[PDB]
Amino acid sequence: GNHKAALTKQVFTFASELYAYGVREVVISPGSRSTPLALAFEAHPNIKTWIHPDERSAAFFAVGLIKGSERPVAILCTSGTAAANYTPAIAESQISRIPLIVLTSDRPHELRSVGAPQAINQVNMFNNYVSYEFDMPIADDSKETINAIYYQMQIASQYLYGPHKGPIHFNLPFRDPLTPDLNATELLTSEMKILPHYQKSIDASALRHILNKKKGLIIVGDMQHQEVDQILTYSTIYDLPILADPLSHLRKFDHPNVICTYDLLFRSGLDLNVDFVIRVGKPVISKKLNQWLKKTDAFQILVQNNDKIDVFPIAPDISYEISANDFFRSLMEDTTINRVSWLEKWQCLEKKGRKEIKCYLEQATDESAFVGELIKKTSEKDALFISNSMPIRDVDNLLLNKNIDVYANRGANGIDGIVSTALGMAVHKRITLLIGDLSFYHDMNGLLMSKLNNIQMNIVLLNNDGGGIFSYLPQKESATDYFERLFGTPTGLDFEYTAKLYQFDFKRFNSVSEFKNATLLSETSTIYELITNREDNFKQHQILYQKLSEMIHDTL
Amino acid sequence: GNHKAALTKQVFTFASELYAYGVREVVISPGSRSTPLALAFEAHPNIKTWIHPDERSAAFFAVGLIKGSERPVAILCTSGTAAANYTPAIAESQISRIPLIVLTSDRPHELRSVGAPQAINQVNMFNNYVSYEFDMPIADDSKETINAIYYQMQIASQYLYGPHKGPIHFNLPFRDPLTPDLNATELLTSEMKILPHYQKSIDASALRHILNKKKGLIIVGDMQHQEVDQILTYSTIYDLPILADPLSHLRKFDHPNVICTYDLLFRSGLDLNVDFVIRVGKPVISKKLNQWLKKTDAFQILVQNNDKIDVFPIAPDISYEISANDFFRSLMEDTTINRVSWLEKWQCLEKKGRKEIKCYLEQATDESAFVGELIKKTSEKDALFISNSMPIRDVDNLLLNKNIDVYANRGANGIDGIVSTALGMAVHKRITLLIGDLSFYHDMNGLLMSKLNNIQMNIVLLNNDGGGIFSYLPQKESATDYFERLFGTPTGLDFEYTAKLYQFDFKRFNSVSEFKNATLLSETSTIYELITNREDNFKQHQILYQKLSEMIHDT
Amino acid sequence: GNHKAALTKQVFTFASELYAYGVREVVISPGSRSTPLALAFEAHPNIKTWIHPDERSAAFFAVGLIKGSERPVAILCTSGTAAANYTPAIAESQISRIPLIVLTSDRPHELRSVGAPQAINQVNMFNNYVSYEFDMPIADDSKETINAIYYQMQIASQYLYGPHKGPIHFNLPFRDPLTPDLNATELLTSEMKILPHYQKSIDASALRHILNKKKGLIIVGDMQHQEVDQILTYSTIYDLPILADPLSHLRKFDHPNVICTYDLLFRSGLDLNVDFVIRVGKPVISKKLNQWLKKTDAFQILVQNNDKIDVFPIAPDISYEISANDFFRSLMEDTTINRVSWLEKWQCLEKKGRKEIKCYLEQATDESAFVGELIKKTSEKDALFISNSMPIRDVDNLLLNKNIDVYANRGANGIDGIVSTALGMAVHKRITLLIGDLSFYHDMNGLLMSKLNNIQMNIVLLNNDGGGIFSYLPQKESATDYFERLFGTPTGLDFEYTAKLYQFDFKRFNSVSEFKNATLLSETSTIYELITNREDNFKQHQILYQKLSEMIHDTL
Ligand SMILES: Cc1ncc(C[n+]2csc(CCOP(=O)(O)OP(=O)(O)O)c2C)c(N)n1
Ligand SMILES: Cc1ncc(C[n+]2csc(CCOP(=O)(O)OP(=O)(O)O)c2C)c(N)n1
Ligand SMILES: Cc1ncc(C[n+]2csc(CCOP(=O)(O)OP(=O)(O)O)c2C)c(N)n1
Ligand SMILES: [Ca+2]
Ligand SMILES: [Ca+2]
Ligand SMILES: [Ca+2]
Ligand SMILES: [Cl-]
Ligand code: NA
Ligand code: NA
Ligand code: NA
């Protein structure tokens, strides 16, 4: 069997070469044309498989496995609309730099024709998002077509780790008959390639005249899956305040120089002249702080550990493509700069601000109170996955010194795929998901992975019956007559039926009090639905956004 | 063994199928990777080859071969930047709807990699301009890789004829070794395909209220390689004036209803009220007429025999995708109205305007005087290829009732590849090329085909040492300190040396008096360089542009 | 009016910010729609313009200015097929990593429509080649239209200098009226931005198990515009032979470990067993050495100082993105071993090989002898620009220890734009061009830059009236009847007329004896045409390709 041999050799060598570069699990979607490679993944004894019927949720689930395992994961689907369902997670992968390996199976080269049944053009179909894309040769007996696997995987490997990391696309034409020879297990190897690892440094001589000024600020944004330890060391030696995003992983250390309440301080009118700012990582969540960067005259230095850097919210004076740890290690040099006065001011504001939050949280009965209680209930060394919209903004204002991790899909900021991404992380981590009802409806299909494979994850569902974030927009007042139809968008759905469909336990609370004396338990994966009111949430959030306004004028 | 026989079969079949759908000649550029299909065309007894070392001029030479033969023509190049040089003529073919078949050879799929030596991405590299692009499978002995030719040639044929006409692209990977079995001549077939022929008609009931209004106008723009006879029939029966562009192929008939001086008329301040206009073809050359279309309140009907209709310069009231003949034929079987005084008003403007042009052409000493003489010197039933920039504007104003044809690359309006396109038509037609010096410089490499292949074609070279069209720009006054350097851009080239290099005879005229008593009949192809001055040309053109202002006010 | 001020503020700020990021030259092509930006470049007192009517040659001319100045250069053209003529130089810039800045002028959105007169789609029209593309907004009075220039310029700057270097695209729509206010000279500023610099390092310990083996080779390909000195330092300490390409810039040092005759050695039948190879830079010219790399089972390391690494001709076992100097200074932490015998075998072969080459050049009378004599004549510390096809193969075989630099277009290996690229380099460096007749005809229009602006550059034209390189192909014997028509392609042109047209001096040599006893350097730029015969060249080259056979007796 000349064809069966070549197809088996190609498909089994490809799966092993994916293993050789770090792939340990794949998410497969059912289909006919994907048969040869699907069987290779299942037969390979060191590649775990996950079968997912929904291609959209499957790709977001794989994004979750990548964020949880810190390894590249591959997805495999058949030809046609299946591949088109990958685009949302591929788009989030592009911005968030997720090493997602997209494999689309195709008809053989001689049979392809755009416009035929189930025949879209798949070659370079993700060109808008990926940095690597290749159309595999058809399998034959020659040595050159096998070496293409080694040749192309070596090129592709530069996009799976380091700063060039991002989604890649292999298009794989397969000729009938499709089923390979399952006896050739000798071609299912488990070798391990040596991966290149670098270390960077910069000469900061021309920068010491800035860094030696007194009123300096370190601003750390999204830093999931990066190391941040040397940021704390530089801050301790040089007395520099750190404004730390929730996704910076820096608030859990309880560092005496970490400022967590900056979004409330700036919202309430904090206005200080600062000499320089060191923006590290992806942008922060705080709308008000990002707007302050577009107004300050401070010297701006941006530090980001990826290629294709974007300088949101404003072009800095210099942009460094380097890891935060390597950057701050180049900056350590004995100097006699006293800025204790500058640091003691920020340490003092943060003290009073942390106190005012605790006073608001004692009298709060709104959605923000529910979020504060979940923060209190989360065990140390555990993790929260926070959905987009308001949950991630409440975490910013409310997470202070708890030793926990928070994760999010803060790349494209979509409300899609949150369930699937959280579940993928729960495969490897102890995580609890916090989500609004619109995102929960968006990726309801994602719960199938919990039902079929018993992935342990509780879900804290905030149900204010629509889009709450829009209450804080000007259209609530300038388009009152159309607000609830265009922006409210209530579903009115009974999510207790969702729990029974996907075999979650269900509990509903109508006040923070019942939530306070309850206990989240890992006996089974359960959905806790907390009922809030969007109008009530807006009123109470307004109270919170101006709580610090008195201390600012008082400290002045 | 099998490889040579599989490669021969695929490549000889592909060449034979191209013949079956209309291809009779190809323009090959040298290279190694293009070996198998290059030898196929040369071996095929009914496919003529042209070998051109400059891929840019080669693609424009193919465009000319298409325009002169009215049959699709293929170009073949090797992998790499050879394919990238095709892009200018591919972009011109997208707008002008030229059925140019673009064949790029590639390395085999298993060896492909963007960034390797001589390795750009050729798959869908012309996606920005073509309506059909295919990456062929590597040659096999199986029937399905051979049937892919029959399958994709049938799909690609819809872009070679009719309204979907335009450029198409095949990327052909070839595996080493690349030489085919030249003795397998049985696979070099010469079948001829039967092809669909349609006729269209529209329901004109909801257009009769417009068409029965008196003050109507038929505006015919670019109609190259299209049939226009029923336009004259409808105009005769219904007393409608025809504002005929030079490229409409209508001015040569000396029809009593064809107005040739509309551009000067509208330049001189014509401001008649019009009930409706029927715009047929691609946009006209006249900037002033296209501005008037953005101002008139007339009912606008657009008629174009091609898909992807663009509606320059303004969206009409209705757009019909139909040939001109099939459009006017569907309106002919109707009753008639009396609009004779409207037709005669226009006929009187044309008679006096033509009399004023004859007067101007006796005094003038500028570039437009040279152009008018060439029209007079052109033998009847012969053709002219007009460059872009000023020459196409001067033909618009000066070509009246002469029985000649005029062609031009009026899609992208590029100054590139003019020489090669003109020579391409010259293989099939009696053609004289009129061209400015900068465009002559641009495609000087295109002259190689005249030397190597003995293409009889004379060249009238209008040399004013720079870009004369920019004299009529507001920058000539508003940016005078920088004008000559930025817009003038003289070369100072002695084009007699170009004539010697490419084995052209040469003659240089400094005045229109010498050119008038000269003769363009030549034993060998020859280059006539006519020396003019850009400022002198600007000043005399402004008199020409305003000449009809007094006669217009006397109507 | 208001439009004239907003337009002026846009183009004057755009041109200044280009200067701020390093642009000093711009090559403008005439057109109407380009008027605003064209006058801005002319009016700017510290940007020099070149005016070129042929966009194809113009873009290759800019490539040469980038190579000569080692700065980014911008090109500007009007709408339509003018931009399409840029494609070949952009393709070469993609592979060779040339920071070519492509500026295409476009109609405003109200007149943007594919199919309209002179209206091709220009936005992302270079998606196939460039690393950055942007469609500028139409100028208006808002500050954000200006701020987009500062924002986008910082992003685009990362593609102009480092390992991410490559062609970038700006499409700029301009609305009538087009003339800017030339009295607003205050907006044409000459600030200079600070640009980041890094130093990388790898952990040599991961390669330890390989680099302690004795039969190791360093193979250095195209390294032009790169630092190369630490390769010599590393090879000296560790006794490693260096096979050096002409474009490696390493042959001009007479380093005891540099091998320049490897190609002839392989052609002459050299067989060798290698423990490891370290491939540095872009691929080597030698077909034999690249074919050998596909057959050896040595451990292979690839090191390139650019992103988007391709691994031609075979997949290495590991590949590093790092400069050669940073890589080898990292390998300098290892202790040495004993491979002195291995080095001696290579040093002895190179000694006899150089004597055999010198012997050949005394006897040869073909195209080869002309090239060998041109190298001898060239002044030291001057430079050659070598065309593709045979001249670059002959320089590989004949260039030994002459103290000169060699440059070429070795990305896409096209025969287009060679003349213009050398001329661009001659503006910043002392260079003589060596080019075959078919490539000379291909870029004949590029000589306009020499007539108009009086660039000093001699041209050595190897005229054999056809494609000489195809003599060495299997087609010469397999399809001999069609060879002259399809591969020879004689033009029969008398290039004395080309010299008169572009105001060059002309001298024609029919014998190597005439050429050896002549003087080339002169006050005026000269075209030296050396008539040779393709058939005799093939035969004499056969003797050269076997001139080193009597030195090879045993496998290395
Ligand atoms: C895929 C996608 N569609 C739409 C949006 C726009 N969007 C942002 S927030 C939001 C509503 C989120 O509602 P919910 O999850 O209930 O949270 P809440 O606003 O109540 O906190 C929408 C539709 C988006 N970000 N992503
Ligand atoms: C490829 C290309 N580049 C630029 C232009 C812009 N352009 C239009 S007309 C013109 C000048 C051409 O001058 P020439 O052919 O000498 O004729 P003249 O204006 O003197 O009549 C130019 C550069 C173009 N049309 N095509
Ligand atoms: C743009 C382009 N077209 C075609 C080729 C294919 N090609 C490579 S070398 C060559 C011949 C070059 O001839 P010439 O400059 O006279 O050099 P010779 O072979 O005689 O040394 C050709 C056509 C190419 N590399 N690039
Ligand atoms: Ca909600
Ligand atoms: Ca001119
Ligand atoms: Ca030659
Ligand atoms: Cl030497
Ligand atoms: Na498995
Ligand atoms: Na033939
Ligand atoms: Na200037």
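Reminder, nothing fancy here: chain letters follow the sequence lines and each chain counts from 1.
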Item to check | Top contributor to chain C contacts, counting heavy-atom pairs under 4.5 Å, from A/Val311, A/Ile322, A/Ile202 | outcome: A/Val311
Next on the checklist: Checking C/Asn171 against C/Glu133 for the side-chain hydrogen bond (donor to acceptor under 3.5 Å, both in side chains) test, could you report, in this order, the C-alpha distance in whole Å, the side-chain angles of both residues, the deciding distance, and whether it holds?
Outcome noted: CA-CA 8 Å; C/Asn171 193 62; C/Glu133 46 201 355; over 6 Å; no
Checklist entry - Do other residues, nucleotides or ligands put more than 12 heavy atoms under 6.0 Å from C/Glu191 CD? => result yes
Checklist entry - Where along residues 313-320 of chain C does a heavy atom come under 4.5 Å of chain A, listed by residue number? => result C/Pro313, C/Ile314, C/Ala315, C/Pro316, C/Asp317, C/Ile318, C/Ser319, C/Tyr320
Next on the checklist: Out of the candidates A/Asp222, A/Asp307, A/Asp310, only one should pair with A/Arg97 under the salt bridge (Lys or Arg N to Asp or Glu O under 4.0 Å) rule; please name it.
Outcome noted: A/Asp307
Next on the checklist: Determine whether a donor-acceptor pair (N or O, by modelled atom type, separation under 3.5 Å) exists between the side chain of C/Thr13 and the backbone of C/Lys9.
Outcome noted: yes
Item to check | Atom CD of A/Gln291: over 12 foreign heavy atoms under 6.0 Å | outcome: yes
Checklist entry - Are the charged groups of C/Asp275 and C/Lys213 less than 4.0 angstrom apart, N to O? => result no
Next on the checklist: Apply side-chain contact (heavy atoms from CB on, under 4.5 Å) to residues C/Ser16 and C/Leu187 and explain how you reach the verdict.
Outcome noted: CA-CA 8 Å; C/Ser16 297; C/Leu187 305 170; over 6 Å; no
Checklist entry - So which of C/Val220, C/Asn290, C/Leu293 actually passes side chain to side chain contact (heavy atoms under 4.5 Å, CB included) with C/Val284? => result C/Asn290
Next on the checklist: Parallel, tilted or perpendicular: which one describes the rings of A/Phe328 and A/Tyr234, with boundaries at 30° and 60°?
Outcome noted: tilted
Checklist outcome for this item: Applying a strict 4.5 Å limit to non-hydrogen atoms, the region of C/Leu302 in contact with chain A is neither
Next on the checklist: For the residue pair C/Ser131 / C/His164, report whether a side-chain donor-acceptor contact shorter than 3.5 Å exists.
Outcome noted: no
Checklist outcome for this item: Checking heavy-atom separations under 4.5 Å from chain C, one finds in residues 147-163 of chain A A/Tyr150, A/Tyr151, A/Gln154, A/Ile155, A/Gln158, A/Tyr159
Checklist entry - Is chain C contacted by the side chain of A/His197, its backbone, both, or neither, given a heavy-atom distance below 4.5 Å? => result backbone
Item to check | Structural part of A/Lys193 lying under 4.5 Å from a heavy atom of chain C | outcome: side chain
Next on the checklist: Could you check whether C/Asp203 and C/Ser205, counting side-chain N and O atoms only, form a donor-acceptor pair closer than 3.5 Å?
Outcome noted: yes
Checklist entry - Any side-chain donor paired with an acceptor under 3.5 Å for A/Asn305 and A/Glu321? => result no
Item to check | Contacting region of A/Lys294 [heavy-atom separation from chain C under 4.5 Å] | outcome: side chain
